[PDB]
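Sharing an experimental structure here, sequence included.
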Amino acid sequence: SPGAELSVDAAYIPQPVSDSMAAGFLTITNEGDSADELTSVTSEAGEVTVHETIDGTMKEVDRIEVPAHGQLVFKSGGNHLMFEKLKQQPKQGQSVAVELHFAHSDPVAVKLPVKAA
C-alpha cells in the first residue's frame, strides 16, 4: 500500500569498544516507483545520526536517499548509523530498537541485536 513500500533487513550492531557510542547497520529496500529519503532515526538508547563513509572517513548527513527499486545499505566500511550518548557499552545478548523516519513513507521500527565486535 502507499506509504508502506520500504522494508529492512541485515540489521545489527557490532559490539563496540566504547561505553557511549556504536555503529548500526541495516539495509533499506524500496520496492516502490518513487525514491524516498531517510530523514531521521530515533531510539530510547541514545541519539542516532546518519553518516556517509568515504575512504575510511565519515560525513554526517541530515538526509540520505533511498532509491526507487533500489536499496540504501548501511554496513561495515560503508554508510552507517551512529548511536551517541549511550549510557553503557551495549553487549552481546542485548538489542537496541530504532524507528526509521522517511520523507514520503510511514516509519519503520527495527530491532538491532548486538553481535561480536
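Right, received. Where do you want to start? Numbers count the residues shown, from 1 in each chain.

All the strands of this structure, in order from the start?
Ranges of strands in the chain, per DSSP state E, are 6-14, 22-30, 36-42, 47-54, 57-61, 64-66, 70-74, 80-84, 95-102, 108-115.

Mean neighbour count added to the ones you listed, as TSV?
Where C-beta positions appear, they are placed from N, C-alpha and C, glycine not excepted. Shown next, in TSV, are those (neighbours: other C-beta atoms under 10 Å):
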stretch	mean neighbour count
strand 6-14	17
strand 22-30	21
strand 36-42	18
strand 47-54	16
strand 57-61	11
strand 64-66	18
strand 70-74	16
strand 80-84	20
strand 95-102	18
strand 108-115	16
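
what about residue 104, distance to residue 30?
From residue 104 across to residue 30, the span is 10 Å (C-beta to C-beta, to the nearest Å).

what's the answer for residue 51, then?
Distance from residue 51 to residue 30, by C-beta to C-beta: 20 Å.

okay, now residue 117: neighbour count?
8 (other C-beta atoms under 10 Å).

correct me, but it touches residue 17?
Yes. Between residue 117 and residue 17 there is a contact under C-beta atoms under 8 Å: 6.7 Å.

Now do the residue positioned nearest the centre of the chain against residue 58, distance only.
Residue closest to the average C-alpha location in the chain (C-alpha atoms, centre = their mean): residue 81, at 4.5 Å. Separation of residue 81 from residue 58 (C-beta to C-beta): 11 Å.

where do the contact lists of these two overlap?
Here residue 81 and residue 58 have residue 51 as joint contacts, going by C-beta atoms under 8 Å, 6 or more residues apart in numbering.

which residues touch the closest residue to residue 10 other than its chain neighbours?
Spatial nearest neighbour of residue 10, chain neighbours left out: residue 27 (4.3 Å); criterion: C-beta to C-beta, 6 or more residues apart in numbering. By C-beta under 8 Å, 6+ apart, residue 27 lies in contact with 8-11, 71-75.
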